[PDB]
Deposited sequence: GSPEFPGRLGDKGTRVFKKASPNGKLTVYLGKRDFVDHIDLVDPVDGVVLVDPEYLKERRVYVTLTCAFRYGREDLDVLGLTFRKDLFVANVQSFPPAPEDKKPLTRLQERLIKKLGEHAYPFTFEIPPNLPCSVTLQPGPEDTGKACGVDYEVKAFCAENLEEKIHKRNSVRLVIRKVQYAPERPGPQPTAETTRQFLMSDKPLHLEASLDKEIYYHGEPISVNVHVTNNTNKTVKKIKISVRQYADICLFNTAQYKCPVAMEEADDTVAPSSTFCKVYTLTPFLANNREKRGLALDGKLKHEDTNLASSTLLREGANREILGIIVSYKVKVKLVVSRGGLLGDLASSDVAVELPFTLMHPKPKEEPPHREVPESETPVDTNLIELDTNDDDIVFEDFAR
C-alpha cells in the first residue's frame, strides 16, 4: 500500500500519514495517526512537536488586501513527538509500527484523537476575484521544530498538511419525508390542502430528487403557480452566529389549480454546482487546495450549538395563490410546505477521494 509524506523546506522534518480524510462516525472519529522523520543532520532545535488544528479561515470585510486571510482556532491539540515524553507511554497503531519499521529509529509517532461534536471540513464558495486560501472550516497537521511552545515557529523548520474530517450517508434510510398543510381562508368555508413527499430521505450528490405534489383546492381562490426549490440551510456558529437559506435548485411550474378541483404532479430537481457558481458563501465540502468540491454534504449530529458550519437541506413546495376579494391584495394567501432531507456521499466501499 501507499502513504502520504511531506517535507519541510529545509528537509529537516518529514511528516508521514496514512490518509488525508478521516471519517467521523458520530460516536467516534478516525484517529489521526502518523510519524515524523527527523533528519539528525539538520536538527539542532532539540524538540519536535506535532499539532492538530481545526480552524475557521476567513477574510476581513473591511480590509482591501488581496489574498489576505486569517485562521481562528476552534480546536487545538499538541503532541511532543521528539523527544518521547517521559510520562506518556502509549501503544502504537499498526500503521505507525509499519512506518517505524520502514523509516527507522528517527521516525517518531504522533496520534491525535478527534473528539465528537467538532465541525466537519466545509469550504465556503469564493467569488470570482478571490486569490487567498479557501475560507471556511478546515483541519491541519503541523509538525515543527522549537525549544518550547512559546517559540516563534520558523516556517522552514516546519511542515503543514491539510486534512479533512468527513461523514458519509447512513446505511439505513430514514422515513420517507412527507409533509402536509391545510389553509382555511376568510371568505371560504372549504380549505386548501397541500400534500408533498420526496421519493426517499437520503440522496447522493448529483442524484435526482422527486417531489410528489398533491393539491386539493376546495376554495374559491386559484393556484396561479407552483414553485419547487431545493434550499441549503447553513448554520454558522463561531464568533457570533449567522444563518442563511440558499436555493441550490428550483423550478417554477405554471401549473394551475382551478377552484373546486385537484391537482397531482411529480417534479424532479437535481442540485449541482455548475449553475450556482455566482453564489459566494455557498457551503461546499472541504477543499484540500482550490480543487472543485460538491455542494456541502448534510451534517450528521448526535442525540447543543456546534462551532463551524452545519449544513442541512430542505425542499420547499410553494403554492402561489390569487388574492383579491374582501381584503384585496393586502392579505397573502400563499401556501407552502417543507421537506428536510439528507444529501451525502455513499460510504466508500473501496478508497477515499
Where are the gaps relative to the deposited sequence? 1-13, 317-319, 370-401
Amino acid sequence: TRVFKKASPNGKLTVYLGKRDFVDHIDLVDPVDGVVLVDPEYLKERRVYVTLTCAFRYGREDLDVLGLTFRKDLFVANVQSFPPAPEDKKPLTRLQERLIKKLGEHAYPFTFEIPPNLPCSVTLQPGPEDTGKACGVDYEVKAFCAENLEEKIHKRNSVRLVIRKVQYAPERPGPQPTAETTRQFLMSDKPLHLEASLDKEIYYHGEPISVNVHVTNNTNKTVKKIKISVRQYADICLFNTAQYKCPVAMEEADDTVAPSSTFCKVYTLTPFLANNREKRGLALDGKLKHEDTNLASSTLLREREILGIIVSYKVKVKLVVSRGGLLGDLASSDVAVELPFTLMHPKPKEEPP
From here on, numbers count along this sequence of modelled residues.
Mind pulling up the entry and telling me whether 194-202 or 140-148 has the higher mean Cα temperature factor? 140-148
Is the mean CA B factor in the deposited entry higher across 275-283 or across 67-75? 67-75
Checking the record values for 228, 153, 120, 257, which has the greatest CA B factor? 153
Looking at 163, 186, 246, 269, which one carries the largest C-alpha B-factor according to the PDB entry? 186
Where does residue 85 sit by CA temperature factor within its chain: lowest, middle or highest third? highest
Divide the modelled residues of the chain into thirds by Cα B-factor and specify which third, lowest, middle or highest, holds residue 133. middle
Taking only the Cα B-factors deposited for this chain, tell me whether residue 124 sits in the lowest, middle or highest third. lowest
Going by the entry, which third of its chain does the Cα temperature factor of residue 114 land in? middle
Sorting the chain's modelled residues by C-alpha B-factor and splitting them into thirds places residue 323 in the middle
